Every structure is written in structure tokens, then in C-alpha cells.
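Visitor: Before anything else, here's the structure in question.
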Amino acid sequence: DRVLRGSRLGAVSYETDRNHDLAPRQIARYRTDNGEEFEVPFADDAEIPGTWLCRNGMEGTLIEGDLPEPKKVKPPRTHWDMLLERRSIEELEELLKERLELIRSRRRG
Amino acid sequence: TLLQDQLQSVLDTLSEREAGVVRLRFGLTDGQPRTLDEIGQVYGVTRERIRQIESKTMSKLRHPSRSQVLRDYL
DNA sequence: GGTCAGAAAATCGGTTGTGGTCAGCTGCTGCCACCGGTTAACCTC
């Protein structure tokens, strides 16, 4: 009545699992913020980046102090800055001093 | 699997220099083929001598006297 | 009535050489995916 066909997106090879003449491997070590080593077996002919994602949840950096670069991180959209893009310093400071005078006359009496 | 074993036997029916030449030519020992002058460097003769040996060995393998067991593996 | 000596094969191996061909590499060539500004369409201050 209803017989179909189908396959998952992937092909299957047929090799032999030899365990001696493998590719030469360098073992690299990374580290997260919370002291979590994650041993990464690379190739021996392989560039080692300073940072690498781990199962710990974050991009764990290298265990070396060779590449400590923290530079390119900033919040591009702060409410203060997008306030500054539409409101001027004297207008904002006038509003601030008016509300300060109001709360001085309210709390003081 | 039987093809791999029959290939190993027929490859070992010939001598070791041309055997390792074919193995390095096709990556049957490591999965990575080599250049002709690379095989000539790791053996000890020039790459053109290597090419002559390779061509005549390929003809010897192509001969029916050794192609009997691989005639209909396709 | 032997006797080194030369000519000429073939055979493994360099060589040179050279020619081409292709893997790939990579700066233009140009098209293609978000991003949002604007421009004629709906509800009544």
C-alpha cells in the first residue's frame, strides 16, 4: 500500500580501523575562566589559536600567557549614548537640575 | 575486504622495490600518495628511472597472468 | 694458431630539458543578501 524510501543527509564509507599509522598529533591545552582544562588533540602540523570553544560553556583561552589580548569588546548601544545622540548636554543638565530642585523642595520642604 | 586481501597478495607477488613504489604512488600504506621525485628521493634513484620502473610495473600488473584474480572485481 | 684489442650491442641509470599543463591563488567583476528610508494607501483627531 504505502512503502517509501529515504536516507539521512550523509554517506557511509567502508574502511579498516587500523590504529598504528595515524596522522601525527599535537595535543593542545586550553583553559576556561573557572580553571577548566580542555585537552585538544590537534595535528602535529596544525596552527594553535589562542582561544577555543569548550563544553564548559565559554570560549576557553590558551593555557599560555602568550596571547592575552582582551581588546575588542565593547557595548555598542548603551542607553546613555543613545540618549546623547538625541539630547544635548545643557538640556539634559537643565532637566537634571530641575528635578534636583524639585526633590530638594519636596524632601527638604 | 576480499578485494583488499587479494590486492595485498598480488602486490606481494612482485618484488619489494616496485611494490613499495606502487604503495607510495597510491597511498596503500598510509592513505597519502607521493610525488614521483619524492619516491625517487626516498628510494635513491632519479624520478625518471622511477617513472620507467613504475610504467613497466603497471604493465606487469596489467598483464592477464596477474589480472586473473581481478578480472571481474568490477 | 694463440691473443690482446676494438666495435658494437644492451641495460640500468642519470640528465637535461624542456615543454606543457594544471593546482591553485588571488585581485578585480559583478551579482546577491539585510537594512532601513520613503511613498502612496486606511482610520477619523
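If you're wondering about the labels, chains in the C-alpha cells are A, B, ... by order shown, residues count from 1 in each chain, ligands from 1 in order shown.
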Please identify every residue of chain B that has at least one atom no farther than 9 Å from an atom of chain A, counting only C-alpha atoms, and for each give the shortest atom pair and the distance in Å to one decimal, arranged by chain then increasing number, as a tab-separated table.

Guide:
residue	atom	partner	partner_atom	distance
B:1	CA	A:16	CA	8.8
B:29	CA	A:21	CA	8.5
B:30	CA	A:21	CA	6.7

Visitor: Okay, now the selection with C-alpha atoms, as a compact mmCIF listing (two decimals), in the first residue's frame?

Guide:
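Writing the result to selection-v4.txt gives the following:
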# COMPACT_ATOMS: atom_id res chain seq x y z
CA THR B 1 37.51 -6.80 2.20
CA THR B 29 50.25 2.02 3.17
CA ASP B 30 49.31 5.44 4.60

Visitor: Which residues of chain C are close to chain B, meaning at most 9 Å apart when you count only C-alpha atoms (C1' of nucleotides), and how do they look as a PyMOL selection string?

Guide: chain C and resi 12-14

Visitor: Write down as a PyMOL selection string the residues belonging to stretch 60-106 of chain A that are assigned alpha helix (DSSP H) by DSSP computed on the backbone.

Guide: chain A and resi 79-84+89-106

Visitor: Provide the atom CA of residue A:67 to atom CA of residue A:50 distance in Å, to one decimal place.

Guide: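 Atom CA of residue A:67 sits 6.1 Å away from atom CA of residue A:50.
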
Visitor: Between atom CA of residue B:6 and atom CA of residue B:69, measure the distance and give it in Å to one decimal.

Guide: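 It comes out at 7.6 Å.
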
Visitor: Could you pull out the strand (DSSP E) residues of stretch 6-90 of chain A, going by DSSP on the backbone, and write them as a list in words?

Guide: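 Filtering stretch 6-90 of chain A to strand (DSSP E) leaves residues 25, 26, 27, 28, 29, 30, 31, 37, 38, 39, 40, 41, 42, 43, 51, 52, 53, 59, 60, 61 and 62 of chain A.
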
Visitor: Would you mind reading off the distance between atom CA of residue B:2 and atom CA of residue B:68, one decimal, in Å?

Guide: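 Separation of atom CA of residue B:2 and atom CA of residue B:68: 14.7 Å.
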
Visitor: Nearest to residue A:24: which of A:39, A:59, A:45, A:93 is it, counting only C-alpha atoms?

Guide: A:45
